[PDB]
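Descriptive analysis of the structure
Given next are the chains, with one letter for each unit.
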Amino acid sequence: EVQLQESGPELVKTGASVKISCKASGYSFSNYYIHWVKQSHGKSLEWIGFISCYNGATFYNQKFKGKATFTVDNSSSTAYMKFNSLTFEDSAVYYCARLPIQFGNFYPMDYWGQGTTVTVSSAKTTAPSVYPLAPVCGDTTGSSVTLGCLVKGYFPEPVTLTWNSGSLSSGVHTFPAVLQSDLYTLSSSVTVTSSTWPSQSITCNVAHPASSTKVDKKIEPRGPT
Amino acid sequence: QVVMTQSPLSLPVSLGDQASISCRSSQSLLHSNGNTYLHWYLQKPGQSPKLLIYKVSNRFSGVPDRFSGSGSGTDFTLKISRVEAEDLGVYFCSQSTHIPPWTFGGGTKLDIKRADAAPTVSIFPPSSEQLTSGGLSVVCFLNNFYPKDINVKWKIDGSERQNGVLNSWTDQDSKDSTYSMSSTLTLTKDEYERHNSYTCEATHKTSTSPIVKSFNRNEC
Amino acid sequence: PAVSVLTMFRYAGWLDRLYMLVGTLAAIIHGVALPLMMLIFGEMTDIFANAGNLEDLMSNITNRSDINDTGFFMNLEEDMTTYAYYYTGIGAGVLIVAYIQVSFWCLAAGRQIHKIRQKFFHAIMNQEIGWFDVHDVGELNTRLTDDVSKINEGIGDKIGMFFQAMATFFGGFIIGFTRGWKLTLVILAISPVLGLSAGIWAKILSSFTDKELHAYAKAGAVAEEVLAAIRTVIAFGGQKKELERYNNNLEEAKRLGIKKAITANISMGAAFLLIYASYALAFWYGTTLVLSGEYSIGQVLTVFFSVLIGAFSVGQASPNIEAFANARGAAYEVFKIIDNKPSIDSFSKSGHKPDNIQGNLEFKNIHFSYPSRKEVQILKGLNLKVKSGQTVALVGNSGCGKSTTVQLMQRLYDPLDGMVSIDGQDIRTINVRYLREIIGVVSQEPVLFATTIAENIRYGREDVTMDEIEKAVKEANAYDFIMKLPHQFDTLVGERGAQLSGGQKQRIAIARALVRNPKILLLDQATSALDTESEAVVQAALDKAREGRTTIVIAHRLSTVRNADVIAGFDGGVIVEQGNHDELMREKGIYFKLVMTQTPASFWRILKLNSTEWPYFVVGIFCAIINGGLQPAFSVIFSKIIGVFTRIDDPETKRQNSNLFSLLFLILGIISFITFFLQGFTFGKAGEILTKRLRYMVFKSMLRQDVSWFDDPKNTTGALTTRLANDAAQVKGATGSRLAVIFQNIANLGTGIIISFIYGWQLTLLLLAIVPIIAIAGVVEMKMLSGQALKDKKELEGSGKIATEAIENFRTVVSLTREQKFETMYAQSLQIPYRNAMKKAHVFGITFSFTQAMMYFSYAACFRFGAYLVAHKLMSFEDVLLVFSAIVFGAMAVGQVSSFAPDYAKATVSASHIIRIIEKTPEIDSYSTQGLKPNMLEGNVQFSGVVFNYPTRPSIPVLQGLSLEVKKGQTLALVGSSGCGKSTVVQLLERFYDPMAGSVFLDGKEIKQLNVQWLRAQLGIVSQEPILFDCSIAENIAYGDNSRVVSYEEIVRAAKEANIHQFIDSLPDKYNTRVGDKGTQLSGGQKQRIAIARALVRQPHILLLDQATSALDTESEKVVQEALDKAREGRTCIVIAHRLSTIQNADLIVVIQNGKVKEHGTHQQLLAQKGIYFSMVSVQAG
Ligand SMILES: O[C@@H](COc1cccc2ncccc12)CN1CCN([C@@H]2c3ccccc3[C@@H]3[C@H](c4ccccc42)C3(F)F)CC1
Ligand SMILES: O[C@@H](COc1cccc2ncccc12)CN1CCN([C@@H]2c3ccccc3[C@@H]3[C@H](c4ccccc42)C3(F)F)CC1
Ligand SMILES: CC(C)CCC[C@@H](C)[C@H]1CC[C@H]2[C@@H]3CC=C4C[C@@H](O)CC[C@]4(C)[C@H]3CC[C@]12C
Ligand SMILES: CC(C)CCC[C@@H](C)[C@H]1CC[C@H]2[C@@H]3CC=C4C[C@@H](O)CC[C@]4(C)[C@H]3CC[C@]12C
Ligand SMILES: CC(C)CCC[C@@H](C)[C@H]1CC[C@H]2[C@@H]3CC=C4C[C@@H](O)CC[C@]4(C)[C@H]3CC[C@]12C
Ligand SMILES: CC(C)CCC[C@@H](C)[C@H]1CC[C@H]2[C@@H]3CC=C4C[C@@H](O)CC[C@]4(C)[C@H]3CC[C@]12C
Ligand SMILES: CC(C)CCC[C@@H](C)[C@H]1CC[C@H]2[C@@H]3CC=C4C[C@@H](O)CC[C@]4(C)[C@H]3CC[C@]12C
Ligand SMILES: CC(C)CCC[C@@H](C)[C@H]1CC[C@H]2[C@@H]3CC=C4C[C@@H](O)CC[C@]4(C)[C@H]3CC[C@]12C
Ligand SMILES: CC(C)CCC[C@@H](C)[C@H]1CC[C@H]2[C@@H]3CC=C4C[C@@H](O)CC[C@]4(C)[C@H]3CC[C@]12C
Ligand SMILES: *[C@@H]1O[C@H](CO)[C@@H](O)[C@H](O)[C@H]1NC(C)=O
């Protein structure tokens, strides 16, 4: 069994430095290199650099010289990069993988760490603003009706949105959170039968456990407004 | 740097037949040795990227015999044989034999190959609490469509707008195997009280005319 | 027969136990320097290996700065220096630890031997003469010498080296189990066969310098038999049978030497096969594991080297327990003698001290038997008394009781029953030192110490002044000859000094007894073989000494029996006759019977000696260049199999190159085994052929040459048996082995220095400046393994002869009670080489330490300069490892090769001696077939004026013009006096010499021009003492006429004319009864009859009879005269004699003096002329 596994996910502010660790466990740690790579959101994996893992002789990429620095710890069998001089562009998911030293470059990176993410923030905690969304006043013609409720402006992730606190699972299309202006935005919707609404009561229950905020807005039909 | 270009961006594979991915270099990966190095990794969602095919023809110890490599020069191919439900990840192809940029490939997801379908577009008006707070936020849902080829477009009173807009696509369903997405226009309050015809465009490959949905503000 | 471990160290103080307890810890700390050296070597090769992979990755980036290929390589350069300090630490901390390891064991076991040696000699000297009668003297002397040398080598330095080998073993396995364990278990699976082969090779190595005189000793006995008596061999024509007798046993010794050489060299070759096959197995599994990414190359090198040197150290720790295994047996033989307590204890001082002693005495019923000869009781029930001044004498039976009471007076034995009491006081309650202080004795045959005259008087008493000595030697009637002395009393007298007469030593011995000032003077047969002209003056001297002492004279010349006071006679061990002279005359007993009866090297010549076996030398040197050239092949294969890992490559290319190089290790192992076996076998055969052929040729050319060559004291039987026994096997080591050494070393270092100037030269100049010291390291370690202790024992010979000189004549010392002088004479002569051995231990320890310290500083300096030279890209790491491996391991290999062979200087001086012996040719060549070879059968020998002097000394002319003619058939006899040389013309008849002026006219013909083998074919000789051989009596008798076809019937005939024929028939296995030390021993008369029968086998025309006196049987005289009278009838005889019972039937007797016949004629004529013959009849008639 060979297993590299890594730290936890970060939530660091802009300008600070972060240390992320790759605890190699299950092999003879003092031969193989350790290669640190970076994957952005939906892009090709770039390559940052490696460490000699016997005497700490490092080699960086060209773009990442200076704003990264690696260090080893042979006793605990880990490897670190202390990632100074943060920008917004350095929010990614970072992996570690090993290369043997007797026949490196002529062998693949045979085992990879699980990879854990770095999230550069610039603001502080803010409450969500749960708005409900009604069907359009005017035309109501279809035998299937769609109900949604928007959550805008919160920070930071996650938010547990659930219609009726878990009694409705018939088309809840919960969407991923979208970043804009360093403020997240989630949305969600469900399609129910035409005979259910507004004849029955239904609502979502937004909970934001990062700020202990639990809001329960009941949707209403658009009448005069 | 060999500027690698793995060039399917997705692969609509069914469940129980053959799949085929490319991997196309930008300089020939023949070393002075008689060997061609480029390797093939499976990356499951969330977990660590595993190794499946290395040194294009060989096979790593542990992976089943459904996998096979091919090709030489500047064109390479992995071949799944009779795909199960367990091989659904994203596949990419290191490397450069001209180090140390050490390039990697783009990636290729997989699919479950639904039959074609049409979206059910829905526009929701701005909420009354957003009318009290002082912004506009109009949201368009459109659900249960296949495949993932769409370009939604927002048009106000017959005039286009490509600023202040979001898009969020969900991923593949494991119960019906379809997609859905959303767009949201976001601006100030006073922009909302100048127009009536708020429209959307559903440019899907399964129709010629885009499915337009609309509502008018001044009546309710 | 061995002692326990806690007994051998019982003669150690506390400084010796401190020396051993520090030497053990220094042995263990020196034990674990080599596994730690391999650990730091593995860690360094790991550093150099890791940096190299990074070099190429960097190499493909073209814009990379020089400071870049400095930082990775700067780090390599900086790390190297800390390991240079590690190596200098191990070197300077093994220097002082090896110095404490060697110096504190040679000291602590030279001190115990220097105590045990003098305590053993003191234990020998304080023993009973009865115990000394049972044990041998030569066995005891050899016991002293070789047993104390074995106890010196058994605890000397072997135990510290044993602890070092065991500590290296344990350090090797601890490093092998804590660095990486799978490879250690793999090599430990084949560990027992490795240790077994190393143990066999170590037993071969430590027992290298050993002469092996067990194969040759049959021929050695043949040579020491024949060369002990050479005058007989030339006379009887004994050449071809003697050479065949030598030749067969020599062939057997050749065959045994062949098998020993083949076994020794296959035992060396199997060890190198196991070394290289273990290299192949361990690197095949090591690069199965390092290509799986589990170890590195550092851990593979470290656990492989450390487990290998562990298995070979338990290999080499076996003979150092063998030496302690047999020193346990030698210490029993020493400690049992030093354990025993004598019953009389002549060193103890507890008895009485009488004063005013006069010498009253009483024998009271003594019943005594010998403790050696137990079965017969000689004395019983004796009762004799004496008063003051009464000179008692005793006469009677022969040798029974004449000596037992003269020994019992000094208390040499206790009586088993009875109690002799001196002056009414017990003899066993006096202090025995004081008891032997008051009684003097003069022995029958006096032995004299090889010292000066005055020092021989000094043994009488150590407080005497020279005035007393001078008045004693004038008092004892000895001053006449001693005033004709060269300078003074410092005159060297002895068997190596002036060869004196028996009466002179006799009267100086009574003079020593007079300086003792005895009170009960004893005399036992002071006229054993003394002439009548000296017995009168020594009798006069002892008659001057008789006034005032209780004298007991027991001697011959039964005339002072008249002047004696009281006489007694032996009767079956009970003396019952007592009375004065005329009273014994009227008793008419045995005394009446007495008065009735009496009254350039040139090394090409040494190889030119072996010009017949060049089809062995060609395959020998063609095999030796191959066998001494595969050390650079091992260096290049080791360098490539490590340099395949300091480069980046595929996995499969690395796998197949490692498989190829492990295969080349196994192929090199099989080739090295085959070439060691053949280089052993062919030089073994071409050495033993020259030993056999050179021994046969030197024996043929040594037997042939003249009689005068055997007369010089540099050609003795001992020296010639040494130069025949020891020198063929020392010319065998200057023809083949020297060529093997030169060709192995010239391949082993020419190939190394040539390829190490090809690859990297700035390192090999440095290593070539170091190489002589590490070659000397190899040679001094190989001197330590076998030959260190052997040299020292030849130096100690000052006390080597004092002990054997004072243990032979032990009876003289115990009579004198002067043991303390001999003990201090031993003590100071032992005190000087003890200090010399301590200085040699303080030299050998420091030289053996400094060579090892240079051996580790070679690693340090070489790899530091190698790292600097690598970090500027002009040598790779594999080339630095190649240069180091060649020009270090080749230097250790030429050290071990140049010391493993035998020496050259002793070999070339032995070759010069053999080449100067085997080619020289005398004038009387005994193999010259040329000559007249006539048919003469009458034999008229006519001398005419022969003038002769011996070549051993030209200072005394002995023959002055002798003319002598013998008539046919008559028995012409010749008798003379002392110093005249009665047998000179007797030896000259066989041409044993050649006189200067004059000639022999054998029927008018000179012996110069005859054919010598014809002359020996018609000539028979009788010797004084016969020379008997280790064959049957049929060939001892049939020896009389060699080169013949003599059969059983003439042996029967010569037995008829011998009167031993029915004596042969009285013996079982009649002619087959082998005689010797393996057979029976005969009396003088029977061996005389053997000689006469042997000479009379030939049936010659002329006989030569040469007889001497001092026979003790004296009853076979009539039978040897009747066989001579069977020969005095038709065979011309020449007779000398000492018994004058042949002067009547001899025909023409001659007086010989001044080289001239005094007078011709018969017996009555020369007796009536009142010449010297009148004097001999007047002497022997009284
Ligand atoms: O010289 C010392 C110090 O050892 C070293 C120290 C530091 C560095 C070294 N580097 C290389 C080699 C040795 C190094 C080692 N002696 C060298 C000589 N051995 C001798 C010896 C003698 C003749 C031929 C071959 C051998 C070799 C081993 C061996 C086995 C059984 C009995 C004796 C020996 C063998 F038959 F296989 C003993 C140890
Ligand atoms: O010189 C060589 C070859 O020896 C000869 C070559 C040619 C001819 C010869 N002729 C006669 C005698 C020897 C000859 C011998 N050294 C002797 C010293 N070794 C030492 C050594 C030391 C102690 C115990 C065992 C060993 C043996 C080998 C070894 C391995 C690694 C490091 C050092 C050594 C080992 F651990 F297995 C090296 C080879
Ligand atoms: C000047 C003299 C007296 C000092 C002698 C220095 C020697 C004995 C010392 C100096 C450096 C020491 C080494 C330091 C580090 C190591 C590595 C460790 O894991 C095993 C022991 C080992 C290998 C030590 C062995 C003993 C050592 C070699
Ligand atoms: C004295 C000799 C004849 C006894 C036999 C010893 C040799 C031939 C045997 C004993 C133990 C064996 C080893 C035991 C373990 C393995 C693991 C295997 O996966 C590779 C081969 C290897 C390394 C074997 C090689 C052969 C081996 C070393
Ligand atoms: C007597 C002791 C030393 C055991 C000796 C074992 C030797 C003879 C045997 C055991 C295993 C063998 C190896 C097995 C496999 C091969 C692969 C071949 O392509 C090269 C030779 C090589 C590498 C052999 C070398 C010889 C070898 C090492
Ligand atoms: C390239 C040239 C210089 C290499 C020549 C090698 C020479 C210098 C070396 C290699 C082995 C050496 C020999 C090794 C052994 C001995 C035995 C000694 O009792 C006499 C010197 C002698 C015979 C040496 C003479 C010089 C020698 C022959
Ligand atoms: C390139 C030239 C300088 C090489 C010359 C090599 C000379 C300087 C060295 C190398 C090996 C040395 C020999 C190595 C071993 C011994 C054996 C010893 O019992 C006598 C000295 C002797 C014979 C040395 C003499 C000098 C020597 C021959
Ligand atoms: C008379 C000549 C041969 C000197 C004998 C002692 C030599 C062999 C030993 C004793 C001290 C040792 C030195 C100890 C310290 C170091 C410093 C290091 O940075 C280089 C090696 C070096 C310099 C060692 C080289 C070898 C050395 C000089
Ligand atoms: C025999 C005598 C005269 C010389 C012996 C010492 C020689 C063999 C060795 C001992 C240590 C070695 C030195 C080790 C350290 C360095 C410092 C490095 O930056 C240059 C090389 C240099 C200077 C080496 C030159 C050779 C050297 C001095
Ligand atoms: C790298 O490139 C620059 C200019 O392109 C040049 O100045 C520099 O010397 C180069 N470095 C080396 C080691 O050539």
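Residues numbered from 1 in each chain as written, not as in the entry; some residues may be left out. Chains lettered and ligands numbered in written order. Heavy atoms only, no water.

What the entry reports as its method is cryo-EM, with 3.9 Å given for the resolution.

Describing the overall build of chain C
When its secondary structure is counted, chain C shows 46 helices and 21 strands. For 1182 residues, the compact-globule estimate of 2.2 N^0.38 gives 32 Å, and the C-alpha radius of gyration of chain C, at 41 Å, exceeds that figure by more than 25%. Dimensions of chain C, computed from C-alpha atoms along their principal axes, come out at roughly 140 × 85 × 60 Å. Among the 1182 residues that make up chain C, the fraction classed as buried is 49%. Charge centroids of chain C, computed over 117 positive and 110 negative side chains, lie 2 Å from each other. (Helix = DSSP H or I, 4+ residues; strand = E, 2+ residues; numbered from the N terminus. Rg over C-alpha atoms; globule rule 2.2 N^0.38 Å. Buried < 20%, exposed > 50% of the residue type's maximum accessible area, 1.4 Å probe, protein only. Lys, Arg positive; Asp, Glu negative; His and termini not counted. Charge placed at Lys NZ, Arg CZ, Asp CG, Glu CD.)

Digging into the sheet that holds strand β9 (residues 150–156) of chain B
Residues and elements named next belong to chain B. In spatial order, the strands read β10-β9-β13-β14; together these 4 strands make up an open sheet with antiparallel pairing. Each having just a single partner strand, β10 (159–160) and β14 (213–215) make up the two edges of the open sheet. Two elements, strand β13 (residues 198–204) and β14, share 3 bridges in a ladder whose sense is antiparallel. Of the residues in β14, the one forming a bridge with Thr-199 is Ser-214. (Pairing = 2+ DSSP bridges.)

Considering the sheet that holds strand β11 (residues 165–169) of chain B
All names here are of chain B. Pairing in this open sheet of 4 strands is antiparallel, and the strands run β7-β8-β12-β11 from one edge to the other. Here the strands that pair on one side only, and so sit at the sheet edges, are β7 (120–124) and β11. Looking at each pair of strands side by side, their axes are set apart by 15° on average, direction ignored. (Axes fitted to C-alpha atoms, helices over the stretch in contact; angles between N-to-C directions.)

Some details on the side chain of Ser-180 of chain B
On the secondary structure map, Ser-180 of chain B appears in strand β12 (residues 179–188). A relative accessible area of 1% places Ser-180 of chain B in the buried class. Side chain to side chain, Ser-180 of chain B and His-173 of chain A meet in a polar contact 2.8 Å long. When neighbours within four sequence positions are excluded, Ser-180 of chain B is seen to be in contact with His-173 and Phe-175 of chain A together with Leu-142, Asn-143, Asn-144, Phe-145, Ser-168, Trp-169 and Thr-170 of chain B. (Polar contact = N/O pair within 3.5 Å; in protein donor to acceptor, adjacent residues only side chain to side chain. Contact = heavy atoms within 4.5 Å.)

With respect to the nonpolar core
Residues and elements named next belong to chain C. Counting 80 residues, the largest nonpolar core has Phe-41, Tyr-87 and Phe-863 as its most contacted members. Ignoring anything within four residues of it in the chain, the contact list for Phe-863 reads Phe-41, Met-44, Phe-48, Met-80, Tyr-87, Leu-881 and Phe-884. Counting 55 residues, the second largest nonpolar core, distinct from the first, contains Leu-703, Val-941, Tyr-993 and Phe-1029. (Core = buried A, V, L, I, M, F, W, Y, C linked by side-chain atoms within 4.5 Å.)

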